[PDB]
Amino acid sequence: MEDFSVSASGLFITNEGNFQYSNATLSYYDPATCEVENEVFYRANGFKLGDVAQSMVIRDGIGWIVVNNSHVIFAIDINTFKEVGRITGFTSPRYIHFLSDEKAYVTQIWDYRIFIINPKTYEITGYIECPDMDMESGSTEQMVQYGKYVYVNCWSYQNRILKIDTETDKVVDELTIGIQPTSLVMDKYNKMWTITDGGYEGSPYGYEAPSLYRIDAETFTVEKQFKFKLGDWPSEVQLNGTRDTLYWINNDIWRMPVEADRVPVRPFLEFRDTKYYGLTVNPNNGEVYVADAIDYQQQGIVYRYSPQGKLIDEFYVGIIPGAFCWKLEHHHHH
Ligand code: CNC
Ligand SMILES: [Cl-]
């Protein structure tokens, strides 16, 4: 076991590792020193994260790491990386969304329910049943808040956004769109963005040209749709800190102002026959980080770009780096 006491400002990278090989890891990058630290959860705690580290949220000095195929969320000190607690019993957890210190939602694959937890006591307290959904093909994924409502995309073998009333913990509406919306963000106009992966060739569920959608939160209606090419396998809508510039992965890294009527001809970062897989925008300074899985086998590489697309830095992370979590001392945005 190793003692860490890292920067007040930094960047976590979760590494999924290889599904069913239990080689998921956590990386910590200091943008001021341009130094990366790899395998920091193992190094700090003396045991493995597990299988498919999916996502991470930082709240009140604690990092909540979702380990999808280990049925657990780890709570860590964001400075020492030491575990302060864990929640077990998740079917196959995906994303955590906090409503309070005592209430959060945890989405699942292979379950038709969203888990309700108490992060304070580290307990599962209840379940939200998704309509028209079973265990065999169930999927809830990313979440955004809109007043008293949480919106959630249904990804694997699903084609819906659900609306949850957080005051009753019930799904109160749904919207059917293209198959397998991957990810969900809310822009500063309270308009949601989601991008579909289009399924895959030979899928028992579907295989189609994928789309990027803008969905008004108030009317819960599609306002814009940008359809791509059959065989495209897009992912990971991401916003800048002012929530007026959208990024996503579709071979290339794409950038579009949220009020645009057309996807720009030119991508932010050109495809280079690798596997762009993870994406984030520094919420304070607009710097763009691209996690490249390369070939899903070797150590991944993160590329750090200026908001104008000029390379700043590049560093190795773990295998299949999938997600980022910002550790910021101050947020410039409200
Ligand atoms: C590439 C890939 C990946 N996939 Co697929 C995705 N997205 N996937 C695919 C594709 C594989 C073929 C291709 N076009 O390249 C593709 C699009 C067909 C696919 C399909 C699926 N995938 C699916 C899921 C959910 C997953 N996939 C990942 C394994 C997920 C991977 C991410 C990860 N962290 O592992 C992943 C990004 C990289 C796998 C890889 O090539 N590794 C390198 C390779 C050398 O190692 P490998 O051990 O031989 O990998 C093989 C397996 O991973 C297998 N496989 C891939 N996905 C699954 C899912 C399941 C349930 C099973 C049993 C096997 C697989 O295919 C690979 C090629 O043989 C996953 C961990 C991503 C995630 N972070 O959630 C996740 C499984 C989570 C879980 N707890 O079950 C689908 C259910 C998604 C969907 N509804 O479209 C579906 C299931 C197919 C099935 N039942 O076999
Ligand atoms: Cl680790």
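Residues numbered from 1 in each chain as written, not as in the entry; some residues may be left out. Chains lettered and ligands numbered in written order. Heavy atoms only, no water.

Chemist: What's the story with the overall build of the protein in this structure? I'm lost.
Modeler: Counting secondary structure elements, the protein contains one helix and 27 strands. For a compact globule of 334 residues, the expected C-alpha radius of gyration is about 20 Å, and the protein comes in at 19 Å, within 12% of that figure. Along the first, second and third principal axes, the C-alpha set of the protein runs to 50 × 45 × 40 Å. Within the protein, buried positions represent 57% of all 334 residues. A sequence separation of at least 24 residues applies to 46% of the contacts in the protein between residues at least 6 apart. (Helix = DSSP H or I, 4+ residues; strand = E, 2+ residues; numbered from the N terminus. Rg over C-alpha atoms; globule rule 2.2 N^0.38 Å. Buried < 20%, exposed > 50% of the residue type's maximum accessible area, 1.4 Å probe, protein only. Contact = heavy atoms within 4.5 Å.)

Chemist: Looking at this structure, I do not really get the site of ligand 1. What am I missing?
Modeler: Close to ligand 1 lie 21 residues, the nearest being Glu16, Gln54, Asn68, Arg94 and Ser156. The contact in question runs from a nitrogen atom of ligand 1 to an N or O atom on the backbone of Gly17, over 3.0 Å. At 3.1 Å from an oxygen atom of ligand 1 is found a main-chain nitrogen or oxygen belonging to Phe19. Class assignment for the residues of the shell around ligand 1 results in twelve nonpolar, seven polar and two charged. (Near = heavy atom within 4 Å. Polar contact = N/O pair within 3.5 Å; in protein donor to acceptor, adjacent residues only side chain to side chain. Nonpolar A, V, L, I, M, F, W, Y, C, P; charged D, E, K, R; others polar.)

Chemist: Sorry if this is basic, but what is going on with the nonpolar core here?
Modeler: Nonpolar side chains in soluble globular proteins tend to be buried together. Membership of the largest hydrophobic core comes to 19 residues, with the highest contact counts inside it found for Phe12, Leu26, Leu49, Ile65, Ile76 and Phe81. Secondary structure elements with two or more residues in this core: β2 (25-30), α1 (40-45), β4 (53-59), β5 (62-67) and β6 (72-77). For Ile65, the residues in contact, after removing those within four places along its chain, are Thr14, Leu26, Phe41, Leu49, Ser55, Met56, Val72, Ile73, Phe74 and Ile76. (Core = buried A, V, L, I, M, F, W, Y, C linked by side-chain atoms within 4.5 Å.)

Chemist: So what exactly am I meant to see when it comes to the sheet that holds strand β23 (residues 276-281) here?
Modeler: Across a sheet, paired strands are connected by hydrogen bonds in the backbone, their directions being either parallel or antiparallel. Across the sheet, four strands lie side by side as β23-β24-β25-β26; this open sheet has antiparallel pairing. Taken across any chain shown, the strands that pair with only one partner, and hence form the sheet edges, are β23 and β26 (311-316). Taking the axes of each pair of neighbouring strands and ignoring which way they run, one obtains an average angle of 15 degrees across the sheet. Looking at chain direction, strand β25 (residues 301-305) and β26 are connected through five bridges and run antiparallel. Within β26, the position partnered with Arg304 by the bridge is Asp313. (Pairing = 2+ DSSP bridges. Axes fitted to C-alpha atoms, helices over the stretch in contact; angles between N-to-C directions.)

Chemist: Would you mind showing me how to read the packing of aromatic side chains here?
Modeler: Ring pairs (aromatic) are described by centroid distance and by the angle formed between their planes. According to the stated counting rule, one finds 22 aromatic pairs in the structure shown. Here the aromatic rings of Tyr28 and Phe81 are separated by 5.3 Å at their centres, their planes lie at 55 degrees, and the arrangement is tilted. With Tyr28 in strand β2 and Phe81 in the loop between β6 and β7 (83-88), the pair connects residues that are 53 residues apart, well separated along the chain. Note on accessibility: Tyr28 and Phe81 belong to one class, buried. When the ring of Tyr29 is compared with that of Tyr289, the centres are 5.9 Å apart and the planes differ by 75 degrees; the resulting orientation is edge-to-face. Taken as a pair, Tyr29 in strand β2 and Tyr289 in strand β24 (residues 288-292) lie far apart in primary sequence, 260 residues in all. Classification of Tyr29 as buried rests on a relative accessible area of 0%. Chaining the aromatic ring pairs together yields one cluster made of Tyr29, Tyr289, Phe315, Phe324 and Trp326. Sitting above the plane of the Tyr127 ring, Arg113 keeps its charged end 4.0 Å from the centroid. Over the ring of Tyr303 we find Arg272, and its NZ or CZ is 4.2 Å from the ring centre. (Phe/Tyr/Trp six-rings, centres within 6.5 Å; stacked < 30°, edge-to-face > 60°. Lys NZ or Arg CZ within 6 Å of the ring centre and 35° of its normal.)

Chemist: Honestly, the side chain of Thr107 in this entry has me stumped. Any pointers?
Modeler: Secondary-structure assignment places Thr107 in strand β9 (residues 103-108). In this structure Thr107 comes out as buried when scored by relative accessible area, which is 0%. Not counting residues up to four positions away in its chain, the partners in contact with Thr107 are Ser92, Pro93, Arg94, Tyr95, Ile114, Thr140, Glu141, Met143 and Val152.

Chemist: Got a minute to help me understand the UniProt feature "binding site: adenosylcob(III)alamin" (unreviewed entry) in the protein in this structure?
Modeler: Taking the numbering used here, the UniProt-annotated feature "binding site: adenosylcob(III)alamin" (unreviewed entry) corresponds to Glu16, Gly17, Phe19, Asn68, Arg94, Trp110, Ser156, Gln180, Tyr200 and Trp233. The residues touching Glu16, leaving out its near neighbours within four places in the chain, are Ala24, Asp51, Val52, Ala53, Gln54, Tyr277, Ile319, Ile320 and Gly322. Looking at the element boundaries, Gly17 is found in the loop between β1 (10-15) and β2. (UniProt positions renumbered as here; feature names shortened; annotations may be inferred.)

Chemist: Explanation requested: the environment of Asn240 in the structure shown.
Modeler: Turning to its location among the elements, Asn240 is positioned in the loop between β20 (235-239) and β21 (245-250). Spatially, the C-alpha atom of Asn240 lies 9.5 Å from that of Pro307, the residues being 67 residues apart in sequence. Ignoring anything within four residues of it in the chain, the contact list for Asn240 reads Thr245 and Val281. Polar side-chain contacts of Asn240 include one of 3.0 Å to the side chain of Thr242.

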